[PDB]
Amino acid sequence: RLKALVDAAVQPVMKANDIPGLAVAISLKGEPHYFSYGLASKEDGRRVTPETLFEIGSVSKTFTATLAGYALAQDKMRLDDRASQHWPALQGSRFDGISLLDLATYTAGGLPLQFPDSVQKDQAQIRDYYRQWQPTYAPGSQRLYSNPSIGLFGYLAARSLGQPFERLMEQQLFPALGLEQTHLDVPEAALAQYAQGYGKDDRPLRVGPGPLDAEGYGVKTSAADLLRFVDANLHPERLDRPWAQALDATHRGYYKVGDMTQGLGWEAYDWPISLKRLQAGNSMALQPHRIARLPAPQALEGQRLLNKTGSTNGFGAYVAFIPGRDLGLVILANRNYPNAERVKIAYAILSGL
């Protein structure tokens, strides 16, 4: 019956969006279920499994937010810190007037969707980009989804912990969460599991280097590992206490835009909610939106769906969980297919359950 539900949701969307390979992982009342479809690589006929690695794009921001939650748990930073506190190169810049919370929640005052193409993956170019940046509008007022914004949040969280971001993730966070199939830099030994991504004319696409790529979109992981991360989010209380607190920090809402409540990484909706509303919330116009700030930060628990979409040029990921129902869902594909279609699969499954 579960195969029928998941096949009925996935099969027409894979066919309609020409998705070569797609992995589903579901956590249902504490039990994992895997549904694997199609080809990780069309050219060598390698089938998707629950161990296939996919690029998860901006779903990486939920990992970045968890690392920041770990720095918060250790009192190495606070969300009301001025951003420039954690990086002397920014002292005297406009980051003297911008909080870590503003960076995490895309309200620093108009940091753009992407770094300009002039900014290469280079420490000095990234430093100089932030040193010269000036807000378009007041920090704290308007949300504009931004890689530079949450990328700097992750970079500063790493500085507060005294080590590079990529090292902290590999040496501390991934082991603490029991993730052995989750990578920022896939080992040569794991490359056999790395799915091919597909674009226009099935051009092959694996993500290339970019500024603060690890913080914004660096993670490659399996459906089985990303469900382990969802299960850590459903049950933080099972982890050693600093990591329980790190995960809890990503379950705190700061403001509403439309139906969406913005946390660190995670974006939350009331549940139940219509499919069309969940699609609209995940299909954001890329202009700034005025926020409705919450009088106090809100626990993101109970009758809520927490979710995150993420994409690279070759891949399309979606993760969602319902704390109050102990239900988790991962959908990883090796095509960047529309967010609304990813939500269509997920909604069919979550409503079905």
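In this text, residue numbers run from 1 along the sequence as written.
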Taking the deposited Cα B-factors and averaging over 63-71 and over 30-38, the higher mean is found in 30-38
Looking only at C-alpha temperature factors in the entry, 49-57 or 289-297, the higher average sits in 289-297
Among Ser99, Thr250, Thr261, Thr136, where is the Cα B factor highest in this entry?
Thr136
In terms of recorded Cα temperature factor, pick the maximum from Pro148, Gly154, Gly199, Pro175.
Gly199
Temperature factor at the Cα of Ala124, chain-ranked in thirds, falls in the middle
Give the position of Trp87 by CA B-factor within its chain, expressed as the lowest, middle or highest third.
highest
Looking at the entry's B-factor column for C-alpha atoms only, identify whether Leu161 ranks in the lowest, middle or highest third of its chain.
highest
Relative to the other modelled residues of the same chain, rank the CA B-factor of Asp213 and answer lowest, middle or highest third.
lowest
Chain thirds of CA B-factor: placement of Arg143
middle
